[PDB]
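# Structural features, examined
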Amino acid sequence: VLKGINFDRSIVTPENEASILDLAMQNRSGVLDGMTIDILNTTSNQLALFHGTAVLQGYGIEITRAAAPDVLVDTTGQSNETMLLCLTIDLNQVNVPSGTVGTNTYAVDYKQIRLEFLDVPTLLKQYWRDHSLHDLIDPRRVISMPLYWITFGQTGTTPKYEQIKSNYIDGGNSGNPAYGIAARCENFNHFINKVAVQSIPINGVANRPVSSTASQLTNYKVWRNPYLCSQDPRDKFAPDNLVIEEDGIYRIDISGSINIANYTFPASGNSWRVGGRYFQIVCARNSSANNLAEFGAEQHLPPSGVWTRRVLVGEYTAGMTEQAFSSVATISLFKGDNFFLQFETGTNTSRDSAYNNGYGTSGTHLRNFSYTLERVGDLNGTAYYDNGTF
Amino acid sequence: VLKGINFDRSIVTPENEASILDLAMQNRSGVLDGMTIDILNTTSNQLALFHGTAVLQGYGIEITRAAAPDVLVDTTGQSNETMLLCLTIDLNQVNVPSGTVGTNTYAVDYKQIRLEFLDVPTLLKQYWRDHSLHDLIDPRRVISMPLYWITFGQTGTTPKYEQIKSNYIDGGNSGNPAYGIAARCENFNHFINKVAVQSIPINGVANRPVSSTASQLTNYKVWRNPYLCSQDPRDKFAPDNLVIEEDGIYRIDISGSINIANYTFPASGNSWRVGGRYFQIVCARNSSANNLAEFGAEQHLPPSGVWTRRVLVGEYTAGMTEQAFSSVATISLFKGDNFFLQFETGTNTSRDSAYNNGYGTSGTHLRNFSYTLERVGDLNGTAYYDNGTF
Amino acid sequence: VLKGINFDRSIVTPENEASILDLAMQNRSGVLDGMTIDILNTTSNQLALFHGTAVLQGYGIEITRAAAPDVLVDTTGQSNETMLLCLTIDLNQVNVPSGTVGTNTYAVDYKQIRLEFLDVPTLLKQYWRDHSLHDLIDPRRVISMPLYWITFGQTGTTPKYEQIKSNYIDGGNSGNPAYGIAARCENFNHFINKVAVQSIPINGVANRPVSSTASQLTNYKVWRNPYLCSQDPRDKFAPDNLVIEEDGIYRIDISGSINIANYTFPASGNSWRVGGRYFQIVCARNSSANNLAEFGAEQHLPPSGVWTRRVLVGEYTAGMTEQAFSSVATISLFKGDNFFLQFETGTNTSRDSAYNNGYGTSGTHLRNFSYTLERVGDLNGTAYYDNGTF
Ligand SMILES: CC(=O)N[C@H]1[C@@H](OP(=O)(O)O)O[C@H](CO)[C@@H](O)[C@@H]1O
Ligand SMILES: CC(=O)N[C@H]1[C@@H](OP(=O)(O)O)O[C@H](CO)[C@@H](O)[C@@H]1O
Ligand SMILES: CC(=O)N[C@H]1[C@@H](OP(=O)(O)O)O[C@H](CO)[C@@H](O)[C@@H]1O
């Protein structure tokens, strides 16, 4: 029949108020505060966390302070192994209340909640980002959130640790936790190499023109939201490519200029006209490598006919020393995709190349270049096919 | 007096937890999953829906599975008529509980919830998008959400159906359900007609240059969010105009280039200078036609002094074969408005026109053109006057 | 131990359902409707408000109608003084229930909620925007929201009032209450003064070219969200500078054109080439003045190494009468900062200036200029250092 959830005679359940908080977190789970590692209280038998709060598919979970040490996890038996420390909800277990309201002695042993060590394959089979307690088709009884990589050494030693920042809602994004900026940078300058096609390094090192003959690799400020993207884990592609961690429609903004742009000088032989040189700036996706996403997870396969290159700026050099550009596009991207930006032009510098024959600040370069990448829509349901191919 | 809602001694009601979930849906109602038509179980007496879940002004409503057929609606008496199948909340009715908690036999006949057929005028008088159970000034006791157009034939036949996608939260938008992208497209190329003022077709067919003498009508990928906009229902305007379905401040992004742009060649008679030709790209709203919104609903009237044309790009051709452009603006739009984009230039090709005398790829055209339209703000309360005129 | 909040055996508290609604308001508090001043019922003894509803760190508060006058606040004793009328939650007090459910006589005197007059320093020490009932480190028991400046005259007179619009969720922003547009304007034209560095007036008065010899100060439409920004309160800077009221990552969009742009004409002495003139449009932040934010609150100090100027457009004039530009950037801004936009160029009009020697419509000017500033991210937690310096 038609059932109301929420109406005057309805009873409201645990499962209901959880389904509602999930909705309010934009279906993101994570640590809302604390639950970082407390290394002072961390022996070779035991691993300690600080207090705090997390939401996992709508279920609120707390580690309370008392007495530090806020909570302890048994590590005895773990040795020479990298594991994930995970917070897990297991709805097969029974929570055990004791005592009574009306005294003030009501308390619960929440056996449905545990902190545990999992290997990567086990965590992936029950990872909140891919499976749900509330799922329509394959609903689960157990679901986990990974918090730290824990690499155990020798028995007797205390382990090494690396926070899983994608599962902490830190900062960046309280208010719109599943959306917002994915990556952004400050203005930088980058030397254009003498080739037809090259990537623009978006991951925080540019080849900056520094003198009339040389450029040098120079850090610039960049930020990424680790829930949404990461730097490519292969060094070959690390300067240039992002790995997308979450499916969506994304907005890419770019702006900058091309400085010391090439062009054909007015001779009398061309009727005293500037001969412009064609260039374009494109964004690109590529899903040919699997398992680039966090944990080596399986990539999400894009719909048939999906785009791979899109022109953001396409024009001729105009005969000026410096020429500015800007562009904004929305584009579909998928978990596991590489995303990057390319500069393309001809390679004959006396006929068709936007770049000249100089080096450093005498050679053609991007100046004042910056971008922002932002997640602005999801690709659930029919959007996957209607919106996901471009 | 001062009443707390939520405080230690407060009692929390149905009406309260509903007012709170509404808030969490950004005041959007709709189907959250399922509740599509189940045509296998659908006779000439009866219409069947699949299970699922919806929220209607904060009230959660469920069709449960058991035993398919997940629920049935009596169609007997309906004949040669187009109706709306609607989910309706009627707070004048009594929900009837039976049995007891503490047994496990508590159950409710929710007479406050029904599936029914309404005609368009009746649905409009009680449509959630225009009236509210929670309204300050005119609060209602009955409110509906339309799910399908149902066109009944002859007695004996089974009816035809069309989903009302604006009332399903499918995909596109889980997380920001009342906002997000309204329309977007992939890059396309469009021939510029030899006239002073023309619309740029934004609804998925362009006149693409294909040869040195001809262009041809060619589909390009486009997507629209049917909650926010639709293609104009008049064929005259269907290639070019959107109908806005929801009031708001919207962001319009455009980018592209003008290719084979015209200009006056350096002769000795102009002192060997390029004579640029003025053009502009404008966005436009027009509310002169009423009842373009879904269901023929009444348009929302804009504040006095409202804008109708805004220049996004205004400059001269620069003497290059191809010249790129980009622009981002925020603009007010109202339910029932037409929105479109125009290219404007002079019509004397030897003096003031940005376009030349060629056709197809020899004639002046937009290349790599794309847009995104996004709802970014509402126009409730004082914003209607302070923000709504531009 | 591990505590569940929300699970089958959990008890859900006041404090819990409040922490959850806060989350759903994006941690913004404010008036959701009504609670404006009711001056008809407002004597020299007493101040009257209309009914309505507010949320204060997750606690819902109501003034009910009955019988107008919807509620009264005692003003006796207040004289020749500007005060803040504030809604305050005081969790040290006891709410006093009376009567019984099962009769229909249950009622509560909510002594935890009061309307009161505070001076500015007292309000600031307990202002919801800077302190929280839920705070991790310094949790409070009392918290306030200011609603009106109330300036009391002579005993016998009734007071003057000014609404605190930052604390009313009016309009603009229902759905994304802590984010969305901060400021926006319609297209305007502004004369470029003959100086190296000048601000572009963004606060609704431009110096519009009106004739071949003159410009004139002319209003244009602008809007600001008073939760996020305000016009600078110092007249010296009021045409040009915003004060940021809320920390965040913001997006700035600009577009427009430079009209009657200067350049060096092709003589035979430069080999018949256009000599372009460099200009740039920059956005700027400055935190050197403290206490510009609402109420004279303390500015939030930016991380060490924070940006102060960023180039949005940097290029040469191209020899055309009018040249368009556009740019989009994300930038960090802090409570108390000034934000403004600058046009920079050389000052020798026969060599390096983008501007010429004319005035009014004969002189170089911005045309069709507009902007939008939007809050798109927060700077809580680690984002303050990782994202906040640029
Ligand atoms: C299997 C593999 O490593 N492919 C690389 C390679 O793609 P191909 O489609 O194989 O060219 O170059 C891409 C960048 O150009 C990178 O994104 C990708 O992961
Ligand atoms: C009554 C009517 O059909 N008006 C049309 C017509 O507007 P007028 O203001 O009537 O020119 O042209 C518009 C597009 O240019 C279209 O938006 C509109 O609906
Ligand atoms: C103490 C003071 O008033 N400083 C002014 C002044 O900054 P200085 O850093 O002091 O130049 O000019 C700024 C605008 O250029 C304005 O933002 C600021 O408030």
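Thresholds applied
- Residues numbered from 1 in each chain as written, not as in the entry; some residues may be left out.
- Chains lettered and ligands numbered in written order.
- Heavy atoms only, no water.
- Residues with missing side-chain atoms left out of burial classes, pairs and counts.
- UniProt positions renumbered as here; feature names shortened; annotations may be inferred.
- Helix = DSSP H or I, 4+ residues; strand = E, 2+ residues; numbered from the N terminus.
- Buried < 20%, exposed > 50% of the residue type's maximum accessible area, 1.4 Å probe, protein only.
- Contact = heavy atoms within 4.5 Å.
- Polar contact = N/O pair within 3.5 Å; in protein donor to acceptor, adjacent residues only side chain to side chain.
- Near = heavy atom within 4 Å.
- Areas by Shrake-Rupley, 256 points an atom, 1.4 Å probe, with all protein chains shown as cover.
- Nonpolar A, V, L, I, M, F, W, Y, C, P; charged D, E, K, R; others polar.
- Pairing = 2+ DSSP bridges.
- Axes fitted to C-alpha atoms, helices over the stretch in contact; angles between N-to-C directions.
- Least-squares fit on C-alpha atoms.
- Core = buried A, V, L, I, M, F, W, Y, C linked by side-chain atoms within 4.5 Å.
- Domains from an automatic or database assignment.

As recorded in the PDB header, X-ray crystallography is the method behind this entry, and the stated resolution is 2.15 Å.

In the nomenclature of the PDB entry, chain A corresponds to Putative phage structural protein from the organism Lactococcus phage 1358. Its official PDB title, as written in the record, is "Structure of the lactococcal phage 1358 receptor binding protein in complex with GlcNAc-1P".

## Comments concerning the UniProt feature "binding site: Zn(2+) 1" (unreviewed entry) in chain A
All names here are of chain A. Those residues carrying the UniProt feature "binding site: Zn(2+) 1" (unreviewed entry) are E15 and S19 in this numbering. Examined against the element boundaries, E15 turns out to sit in helix α1 (residues 14-24). Owing to a relative accessible area of 34%, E15 belongs among the partly exposed residues under this scheme. Beyond its immediate stretch of four places on either side in the chain, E15 contacts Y59, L133 and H134. Within the secondary structure, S19 sits in helix α1. Looking at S19, its side chain comes within polar contact range of the side chain of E15, at 2.8 Å.

## Regarding the site of ligand 2
Residues and elements named next belong to chain B. The environment of ligand 2 is made up of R234, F237, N241, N286, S288, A289, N338 and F340. Between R234 and ligand 2, the recorded distance is 2.9 Å, taken from a side-chain N or O atom to an oxygen atom. Note that an oxygen atom of ligand 2 is positioned 3.1 Å from one of the side-chain N or O atoms of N286. When the free accessible area of ligand 2 is taken as 440 Å², the share hidden by the protein chains comes to 55%. Residues belonging to the shell around ligand 2 are distributed by class as follows: 3 nonpolar, 4 polar and 1 charged.

## Here's the deal with the site of ligand 1
Residue and element names in this part refer to chain A. The environment of ligand 1 is made up of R234, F237, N241, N286, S288, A289, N338 and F340. At 2.9 Å, a side-chain N or O of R234 approaches an oxygen atom of ligand 1. Burial of ligand 1 by the protein chains amounts to 56% of its free accessible area of 440 Å². Broken down by class, the residue content of the shell around ligand 1 amounts to 3 nonpolar, 4 polar and 1 charged.

## Considerations on the pairing of strand β6 (residues 71-74) of chain A
Residues and elements named next belong to chain A. Side chains of β6 alternate between two faces, with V71 and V73 buried and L72 and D74 left unburied. With 4 bridges joining them, strand β3 (residues 46-49) and β6 adopt antiparallel strand pairing. Residue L47 lies in a different strand from β6, and its bridge partner there is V73.

## Observations regarding the sheet that holds strand β10 (residues 113-118) of chain B
Residues and elements named next belong to chain B. One open sheet accounts for 4 strands, arranged β10-β7-β11-β12; its pairing is antiparallel. Only two strands of the sheet have a single neighbouring strand rather than two, namely β10 and β12 (160-163). Neighbour-to-neighbour, the strand axes of this sheet turn through a mean angle of 30°, independent of strand direction. Where strand β7 (residues 81-90) lies against β10, 6 bridges are found, and the strand directions are antiparallel.

## Focus: the relation of the copies chain C and chain B
Screw-axis analysis of chain C against chain B gives a translation of 0.0 Å along the axis, an RMSD of 0.0 Å, and a rotation angle of 120°. Accordingly, the operation relating the two chain copies is best matched by a three-fold axis. By residue overlap, the copies meet through two different surfaces: only 10% of the interface positions of chain C are interface positions in chain B.

## Re the UniProt feature "binding site: alpha-D-glucose 1-phosphate" (unreviewed entry) in chain A
Residues and elements named next belong to chain A. Mapped onto this numbering, the UniProt entry gives "binding site: alpha-D-glucose 1-phosphate" (unreviewed entry) at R234, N241 and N338. Spanning 105 residues, the named residues nonetheless gather at one spot, since no C-alpha pair among them exceeds 11.2 Å. Of note, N241 is situated in the loop between β19 (229-231) and β20 (242-244). Taking the relative accessible area as the measure of exposure, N241 reaches 4% and is therefore buried.

## Let's talk about the nonpolar core
Formed by 89 residues in total, the largest nonpolar core has its most connected members in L87, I252, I254, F339, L341 and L373 of chain B. Two domains share this core, each providing at least three of its residues, namely domain 1 (1-171) and domain 2 (172-390) of chain B.

## Comments concerning the pairing of strand β25 (residues 338-345) of chain A
All names here are of chain A. Buried residues dominate β25, accounting for 7 of its 8 residues. Summarising the sheet, strand β15 (residues 197-199) and β25 pair through 3 bridges and their orientation is antiparallel. Bridge pairing links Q198 to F343 in β25. Here 2 bridges tie β20 to β25, and the two strands are oriented antiparallel to one another. Bridged to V243 within β25 is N338. Pairing between strand β22 (residues 278-286) and β25: 8 bridges, direction antiparallel. Residue pairing for β25: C283 is matched across the bridge by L341.

## Topic: the relation of the copies chain A and chain B
For the pair of chain copies, the relating operation is a rotation around an axis with a shift along it. Turning chain A through 120° and shifting it by 0.0 Å along the axis lays it on chain B, with an RMSD of 0.0 Å. Counting the interface residues of chain A, we find that no more than 12% of their copies in chain B are interface residues as well, pointing to two distinct contact surfaces.

## Thoughts on the interface of chain A and chain B
At the interface, 50 residues of chain A touch 60 residues of chain B. Split into classes, the residues belonging to the side of chain A that touches chain B amount to 21 nonpolar, 19 polar and 10 charged. When strand β1 (residues 2-4) of chain A meets strand β5 (residues 59-63) of chain B, the two strands line up antiparallel, connected through 3 bridges. Along β5 of chain B, the bridge assignment pairs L2 of chain A with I63 of chain B.

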